[PDB]
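Coming up is one lone chain in structure tokens, specifically the form deposited in one PDB entry.
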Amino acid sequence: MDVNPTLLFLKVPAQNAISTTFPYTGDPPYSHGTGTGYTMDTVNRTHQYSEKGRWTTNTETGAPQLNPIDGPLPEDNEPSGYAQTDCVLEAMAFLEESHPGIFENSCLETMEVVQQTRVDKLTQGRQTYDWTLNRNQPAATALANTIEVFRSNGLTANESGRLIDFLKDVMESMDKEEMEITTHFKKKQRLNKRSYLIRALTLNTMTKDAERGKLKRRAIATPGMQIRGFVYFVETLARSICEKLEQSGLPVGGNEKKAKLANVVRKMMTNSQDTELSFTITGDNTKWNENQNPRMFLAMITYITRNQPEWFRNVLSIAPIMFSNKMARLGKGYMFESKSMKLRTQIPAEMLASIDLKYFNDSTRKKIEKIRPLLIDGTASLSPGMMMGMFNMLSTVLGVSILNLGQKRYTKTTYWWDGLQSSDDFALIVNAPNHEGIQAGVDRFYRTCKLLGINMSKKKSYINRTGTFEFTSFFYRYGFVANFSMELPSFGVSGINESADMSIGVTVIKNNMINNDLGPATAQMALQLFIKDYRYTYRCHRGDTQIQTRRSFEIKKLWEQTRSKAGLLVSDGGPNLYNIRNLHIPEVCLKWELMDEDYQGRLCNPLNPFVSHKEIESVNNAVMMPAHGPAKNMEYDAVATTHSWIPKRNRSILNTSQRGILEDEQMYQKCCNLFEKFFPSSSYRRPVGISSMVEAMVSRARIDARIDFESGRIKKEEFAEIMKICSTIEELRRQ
């Protein structure tokens, strides 16, 4: 007899055992080298899906741009980006009519937010493409570098501390004859108008790793800092709009998505009488981002912001204006090998414009030949369409408009449709009195989608009777069925620290028990395995064992020293008291009454040199990138113990010409620590104002010395010493 697990589906329905079809117990695919090939392929594919448009050359950037809008209507089922302006404007108008007051309200709240938003909001972001160094750097670092360059060039309106003023300075920089940047190898280099325009309109391309569910790798993009404020405002407007649309599912979580899917299916099927047939289409959109033209987003926003202050319209329109002229950096480059001479070489992507094509294979040779005409200063113009879901929410708005355009008031026919859209994925429930009606409805829905630059993937889509469908790895079969294979990768040690890892593991087990219908015995097994892996990872074994490690000696002496050994934490080699009933309690508090007072005091000592807290945002928040989803943050319950240390940093900056960044880091951190000691609320509430550091610090020294004498340790001798030391630092700052 030959064993075959798949035959199990002959008795258990597919959805009731779908977890077996998710090989999420092995290493996910990773990219190894350059992503330049993928970037070039994506650029060429985006440009050839809109080949029948019209070509122009921008007078500012001098780059060739392709406009397919209002182009010839498609005559085949292949992907097409020839969106029609009038059709999309009409779709938005119908969306407004079905939801009166949506645009005006959303614009009002967006106007409030834009005129009260601060610059620091831009620091709350992941890697961004700093143009000062032409590389990806943390959002805060890139923002600081750009602000420094602007201030050095004379653009100091951002000193007002307002994001709108920062954007005003950004736009004013566009009209400058010559800017100056700094490079280390420090050298001051001058950038002319066109070079700075291209550096501000460019995107950095990388390869996406840890992407499960496809054989081929893809490319993703990261924009600069000049354009992120406009993107933030536009996405704020789009989120405020989608929050008023029940057909959208992008700005919500997973459980809300499931609830809305259940509600829509029940509404569609229940209202349908015996005569009407119902069919569900589990649709995926092929080349979703490559076929969405930024000009059409400009049209949608300018229709949304009608009868609004002109400044609001301008600030919200700046973003799509820059995306329509966006450029993409090709990537890291290409690495060549010569086996005859036994050597390797790494050529940067910027040489692709001039480098001969003898080194490249046929596929890459043709890709380079096709993309060369669009190469301007080492970057390729990508006007026709978006690169990687930067306007997720606006795309969801367009999809929701398409979904609502079939409310049976615009169809003008017996058939009708509804459903749920989340960018690149949708479920469409279509009802009609007969199979011919369903066919006509789906055909018209597809045709209308093709008029908006949205394509339906026929290969990854199928239609059945309502009651069974899929949506973003959520399988609905007369009710959503748990999978538990999507969350399997999150059952190990997170990698934050000991206490954080313990709390995160127990909380993940608890949550997957609540949401993903994890069984009790399975949860106990998960707890046991997690504890085993945790002890084997942090070298913290039970203590009563003879497992020799680098940490087994101190742990054993602590074990033999303690009297009530049941109170020792698993991190210190103690027994595990966790169970299904204790999954919502931190380890420290669960073992508090069992700890010896000496060990308890040594553990939770504020003066410990290991605990370090930076800001209110990073107290008990851990960023865990979930499998098959975007990066997410979790609140984990933990007590600040000596085990809450933060791990070592990379330390490879020491071998790079960018070595002075570490000295600047140290000096900035010293100044920030001094300010915090002067202003204790610096971390919890970020200080605001327009004065400089030393003014506030010296003046508060004055006052605090005064009052702490009026009652406290200070003495006249010390108070006068502080006053004249303040005068000394004053005259020092003078010179």
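Under this definition, the rigid core comprises the largest set of C-alpha atoms superposing within 1.5 Å between the forms. Numbers for residues come from their place in the sequence shown, where the first is 1.
As for the form deposited in another entry, it is not shown, yet the points below apply to it.
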Query - Only residue that shifts (Cα, 2 Å or more, rigid core superposed) between the shown form and the other one, among 320, 543, 229, 331 - result: 543
**Report entry** Post core alignment: residue 696 C-alpha displaced by 2 Å or more between the shown form and the other one
**Finding:** yes
Query raised in the report: Superposing on the rigid core, do we see a C-alpha displacement of 2 Å or more at residue 116 between the shown form and the other one?
Result: no
Query raised in the report: With both forms fit on the core, is the shift of the CA atom of residue 533 between the shown form and the other one 2 Å or larger?
Result: yes
Requested in this report: Specify closer or farther for residue 485 and residue 260: how their Cα atoms are spaced in the other entry versus the shown form, given a shift of 3 angstroms or more.
Outcome: closer
Query raised in the report: Are residue 233 and residue 684 closer or farther apart at the Cα level in the other entry than shown, by 3 Å or more?
Result: farther
